>>> print(open('coords02.tsv').read())   # TSV, C-alpha atoms (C1' of nucleotides)
chain	number	residue	atom	x	y	z
C	157	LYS	CA	28.78	-10.08	34.46
C	158	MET	CA	29.83	-11.31	30.97
C	159	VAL	CA	28.15	-9.06	28.33
C	160	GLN	CA	29.47	-5.98	30.22
C	161	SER	CA	32.63	-7.96	31.19
C	162	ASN	CA	33.38	-7.91	27.41
C	163	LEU	CA	32.18	-4.35	26.50
C	164	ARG	CA	35.44	-3.49	24.60
C	165	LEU	CA	36.13	-5.38	21.30
C	166	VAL	CA	32.38	-4.93	20.52
C	167	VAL	CA	33.20	-1.17	20.45
C	168	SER	CA	36.28	-2.07	18.34
C	169	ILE	CA	33.70	-3.75	16.03
C	170	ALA	CA	30.81	-1.21	16.28
C	171	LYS	CA	33.28	1.71	15.80
C	172	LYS	CA	34.00	0.24	12.31
C	173	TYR	CA	30.32	1.12	11.58
C	174	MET	CA	30.49	4.41	13.55
C	175	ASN	CA	31.91	5.78	10.26
C	176	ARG	CA	29.94	3.32	8.07
C	177	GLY	CA	26.80	5.11	9.35
C	178	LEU	CA	24.18	4.98	12.16
C	179	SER	CA	26.13	6.59	15.06
C	180	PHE	CA	29.05	5.41	17.27
C	181	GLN	CA	26.60	5.20	20.23
C	182	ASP	CA	23.79	3.85	17.98
C	183	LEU	CA	26.19	1.09	17.05
C	184	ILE	CA	27.30	0.38	20.36
C	185	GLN	CA	24.02	-0.59	21.31
C	186	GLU	CA	23.33	-2.67	18.53
C	187	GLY	CA	26.15	-4.68	19.17
C	188	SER	CA	25.18	-4.93	22.56
C	189	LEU	CA	22.05	-6.49	21.62
C	190	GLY	CA	23.87	-9.03	19.79
C	191	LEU	CA	26.30	-9.40	22.46
C	192	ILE	CA	23.69	-10.66	24.50
C	193	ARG	CA	22.33	-13.02	22.26
C	194	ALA	CA	25.56	-14.58	21.59
C	195	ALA	CA	26.44	-14.22	25.11
C	196	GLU	CA	24.32	-16.85	25.68
C	197	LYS	CA	24.05	-18.80	22.65
C	198	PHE	CA	27.41	-19.95	23.19
C	199	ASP	CA	29.11	-23.04	24.10
C	200	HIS	CA	32.23	-23.59	26.02
C	201	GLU	CA	32.58	-26.94	24.71
C	202	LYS	CA	33.91	-26.07	21.77
C	203	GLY	CA	36.45	-24.68	23.40
C	204	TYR	CA	37.72	-21.98	21.21
C	205	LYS	CA	37.05	-18.58	22.75
C	206	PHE	CA	34.00	-16.38	22.04
C	207	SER	CA	36.48	-14.05	20.25
C	208	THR	CA	35.84	-16.48	17.33
C	209	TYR	CA	32.02	-16.58	17.85
C	210	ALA	CA	30.78	-13.65	19.97
C	211	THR	CA	32.16	-11.41	17.33
C	212	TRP	CA	30.20	-13.14	14.98
C	213	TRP	CA	26.90	-12.35	16.40
C	214	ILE	CA	27.89	-8.94	16.86
C	215	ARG	CA	28.67	-8.20	13.42
C	216	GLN	CA	25.44	-9.49	12.51
C	217	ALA	CA	23.57	-7.37	14.82
C	218	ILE	CA	25.10	-4.49	13.60
C	219	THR	CA	24.79	-4.67	10.03
C	220	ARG	CA	21.09	-5.16	10.71
C	221	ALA	CA	20.61	-1.51	11.84
C	222	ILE	CA	22.43	0.79	9.38
C	223	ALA	CA	20.66	-1.45	6.82
C	224	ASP	CA	17.46	-1.69	8.94
C	225	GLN	CA	17.41	2.17	9.07
C	226	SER	CA	20.08	4.94	8.92
C	227	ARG	CA	18.37	5.60	5.64
C	228	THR	CA	15.37	7.38	5.94
C	229	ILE	CA	13.57	5.25	3.42
C	230	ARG	CA	13.94	1.55	4.40
C	231	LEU	CA	14.83	-0.47	1.24
C	232	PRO	CA	15.02	-4.31	0.89
C	233	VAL	CA	18.16	-4.97	3.02
C	234	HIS	CA	18.54	-8.00	0.68
V	1	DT	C1'	32.73	41.38	47.16
V	2	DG	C1'	34.04	43.70	42.11
V	3	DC	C1'	36.09	41.16	39.78
V	4	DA	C1'	38.29	36.42	37.45
V	5	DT	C1'	35.92	33.78	33.06
V	6	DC	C1'	33.07	33.02	30.78
V	7	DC	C1'	28.05	30.95	28.34
V	8	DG	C1'	26.74	32.14	23.56
V	9	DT	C1'	23.88	36.69	21.51
V	10	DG	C1'	22.78	39.66	18.62
V	11	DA	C1'	24.26	40.76	14.84
V	12	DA	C1'	29.25	-3.21	4.54
V	13	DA	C1'	26.48	-10.62	3.97
V	14	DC	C1'	24.48	-14.56	3.36
V	15	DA	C1'	22.31	-18.49	2.84
V	16	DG	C1'	19.70	-20.38	4.36
V	17	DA	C1'	15.54	-19.83	5.22
V	18	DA	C1'	11.06	-19.18	5.62
V	19	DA	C1'	6.51	-16.26	5.43
V	20	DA	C1'	4.59	-13.43	4.15
V	21	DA	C1'	2.79	-10.60	1.24
V	22	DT	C1'	0.43	-10.23	-3.67
V	23	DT	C1'	-1.54	-11.35	-7.14
V	24	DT	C1'	-2.98	-13.35	-11.02
V	25	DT	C1'	-7.35	-16.62	-11.64
V	26	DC	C1'	-11.74	-17.51	-10.83
V	27	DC	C1'	-15.53	-17.00	-10.56
V	28	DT	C1'	-18.84	-15.86	-9.92
V	29	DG	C1'	-22.76	-13.97	-9.35
V	30	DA	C1'	-24.93	-10.97	-9.23
V	31	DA	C1'	-26.39	-7.46	-10.85
V	32	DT	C1'	-27.57	-5.28	-14.30
V	33	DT	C1'	-29.48	-4.78	-20.06
V	34	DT	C1'	-32.18	-5.68	-23.69
V	35	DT	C1'	-35.46	-7.56	-25.70
V	36	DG	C1'	-38.55	-9.98	-26.14
V	37	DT	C1'	-42.42	-9.80	-25.03
V	38	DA	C1'	-45.75	-9.37	-24.28
V	39	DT	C1'	-49.36	-6.18	-23.39
V	40	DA	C1'	-53.89	-2.91	-24.32
V	41	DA	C1'	-56.07	-0.26	-25.29
V	42	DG	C1'	-56.67	3.54	-27.97
V	43	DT	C1'	-55.50	5.89	-32.72
V	44	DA	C1'	-54.30	8.51	-35.32
V	45	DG	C1'	-53.63	7.46	-38.48
V	46	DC	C1'	-55.57	5.51	-42.70
V	47	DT	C1'	-58.22	4.86	-46.19
V	48	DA	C1'	-63.40	6.08	-49.57
V	49	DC	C1'	-66.64	8.34	-49.01
V	50	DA	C1'	-70.45	12.77	-50.41
V	51	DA	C1'	-72.27	16.55	-51.96
V	52	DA	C1'	-71.46	20.99	-53.51
V	53	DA	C1'	-67.36	25.41	-55.42
V	54	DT	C1'	-63.15	24.52	-58.43
>>> encode(input="coords02.tsv", output="structure tokens")
Amino acid sequence: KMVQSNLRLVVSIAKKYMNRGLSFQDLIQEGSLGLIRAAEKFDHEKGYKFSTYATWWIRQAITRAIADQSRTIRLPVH
DNA sequence: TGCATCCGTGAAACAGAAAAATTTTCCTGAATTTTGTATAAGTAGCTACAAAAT
């Protein structure tokens, strides 16, 4: 009831990579993945909203997808 | 219900990490020649020799 509760914003992020590559939907997922992870690695004790932390993990997730594939010959993401 | 529309055809992050890989080293081991080396005769040579054709 939180990961989904967010939903939007992650699409505002993923959509930035919908044109970068992969696929709007493809992205969305990826984020989602992240979303999760964040969604729980996350600590309301530091107060400031997940908007300044959830979006972190997202981004991460994503990048690791158009770089992890979307190329049909995987190269050292590094 | 013939008669609408109406499917869809043929033409970009990073630093930090670690862990992998890999890969150079080794070594080694062995396996594998060569050579030594015997080896063992037999030998095919070879060297005089002899009588009898230049």
>>> residues_around(input="coords02.tsv", residues="residue 165 in chain C", least_positions_apart="2", cutoff="12 Å", atoms="all atoms listed in the file", output="ChimeraX atom specification")
/C:159-163,167-172,184,187-188,191,206-208,210-212,214-215
>>> closest_residue(input="coords02.tsv", among="V:31, V:48, V:13, V:21", to="chain C", atoms="all atoms listed in the file")
V:13
>>> axis_aligned_box(input="coords02.tsv", around="range 48-52 of chain V", padding_each_side="4 Å", output="AutoDock Vina command-line options")
--center_x -67.8 --center_y 13.5 --center_z -51.3 --size_x 16.9 --size_y 22.9 --size_z 12.5
>>> atom_distance(input="coords02.tsv", atom1="CA of residue 177 in chain C", atom2="CA of residue 226 in chain C")
6.7 Å
>>> closest_residue(input="coords02.tsv", among="C:205, C:157, C:234, C:227", to="chain V", atoms="all atoms listed in the file")
C:234
>>> closest_atom_pairs(input="coords02.tsv", of="chain V", to="chain C", cutoff="12 Å", atoms="all atoms listed in the file", output="Markdown table")
| residue | atom | partner | partner_atom | distance |
| --- | --- | --- | --- | --- |
| V:12 | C1' | C:219 | CA | 7.2 |
| V:13 | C1' | C:219 | CA | 8.7 |
| V:14 | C1' | C:234 | CA | 9.2 |
| V:15 | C1' | C:234 | CA | 11.4 |
>>> atom_distance(input="coords02.tsv", atom1="CA of residue 224 in chain C", atom2="CA of residue 164 in chain C")
23.9 Å
>>> atom_distance(input="coords02.tsv", atom1="CA of residue 213 in chain C", atom2="CA of residue 193 in chain C")
7.5 Å
